[PDB]
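Quick setup: one chain, the form deposited in one PDB entry, written in structure tokens, and binding and motion questions come after.
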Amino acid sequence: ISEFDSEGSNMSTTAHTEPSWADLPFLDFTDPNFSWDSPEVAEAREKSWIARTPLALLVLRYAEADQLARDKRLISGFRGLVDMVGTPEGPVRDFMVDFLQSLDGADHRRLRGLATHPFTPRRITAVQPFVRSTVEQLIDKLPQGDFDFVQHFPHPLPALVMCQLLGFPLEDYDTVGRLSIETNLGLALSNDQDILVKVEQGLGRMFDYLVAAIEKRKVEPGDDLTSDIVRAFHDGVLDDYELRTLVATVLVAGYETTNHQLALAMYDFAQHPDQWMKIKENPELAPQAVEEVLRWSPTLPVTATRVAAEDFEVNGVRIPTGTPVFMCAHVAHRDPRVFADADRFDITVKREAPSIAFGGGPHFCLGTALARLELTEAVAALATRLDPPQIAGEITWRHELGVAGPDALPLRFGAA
């Protein structure tokens, strides 16, 4: 998410008025040196189900993280944040107030419903051979030495899969990846006009590409998600503005997260090569391994973000209207109430509880099932075909709040 220039302030005034906030641990997650793995983070979770931060209440335990991701009294956060920050009237404000993640209730159900079908079990099964073949072809052409796993694998896979999903030429995967990244939604709640022009231009370039695809599909429809949403448009169900906004939401949400999560898998296995070898010996372990990567290194350590729509109380805490509530999946994933030996990466444990890397409630990740398919096909093939990864240079991390994202991940597969 974009940091908003709360800087503590609105959370501060509320904190000064709420006795039920008096015993809540404080975590300053916006500090450049903060780590989700610091001892004080675990201590905070042991102390309390919820913490205060400068921007939001932060839910630290698994049960409550799922409860509040689903609670209808917690609506999408983006529209209130835009009002607070004072985002000028324009394309950036438009997208932040109207993209699927910002919508609630009937409009949300309507628009989301137009995009759910490619992610049903039968349509995941339908795309699995493409995913498998794409992964195989990427492994085939990997460099033999030290190389950036992002450029050579974690970028192309989800870029190609998004092109295939949305009916873009596969040869546009590089362009599509760039266009997605440069939407820079992580900066969209900035107060700086120069930063917001950069977001405005990124969004504009994306829509340059998307609206051409949409206009093609209006006359030359195919068997793809763009075309399917276009049919809903021809049927009067949504308008042109909604059409492009919905396609853009899906593209942006589906690309960088998946890219990052693939890179994080490799980083985990570089630390634990013995577990890579277990997958190689028994590649049926890949789904369980993927779930352990999602548990231990979720790419969105903050998953569900919400704001209170009314004053209410949950597990002893009064949450006043307008208070942002963020679900800390990273920390919940180490909740000893749910996970055995939670502070160890171990793909060999068959766990009753899944990761909650995809949020929850009506907004839960639209692409959950496709994300897992991509991660599983990748981990199975990489572990079958290659020696364990080891890091080969500086890993460059995205600075965005709530994101664990290697921009570049130099590695080698095997010491030789």
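Rigid core here is just the name for the largest C-alpha set that superposes within 1.5 Å across the two forms. Just count from 1 along the sequence shown to find any residue number.
The following text describes the form deposited in another entry, which does not appear among the structures shown.
Hey, after the core superposition between the shown form and the other one, which of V197, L142, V211, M277 has the C-alpha moving 2 angstroms or more? Everything else stays below 2 Å; the exception is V197.
Superposing on the rigid core, is the CA of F78 displaced by 2 Å or more between the shown form and the other one? Moves: yes, 2 Å or greater.
Is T257 one of the residues whose C-alpha moves 2 Å or more between the shown form and the other one after the core fit? It does not reach a 2 Å shift.
Quick check: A309 between the shown form and the other one - does its CA shift reach 2 Å or more after fitting the rigid core? For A309, whose C-alpha is compared between the shown form and the other one after core superposition, the shift is 2 Å or more.
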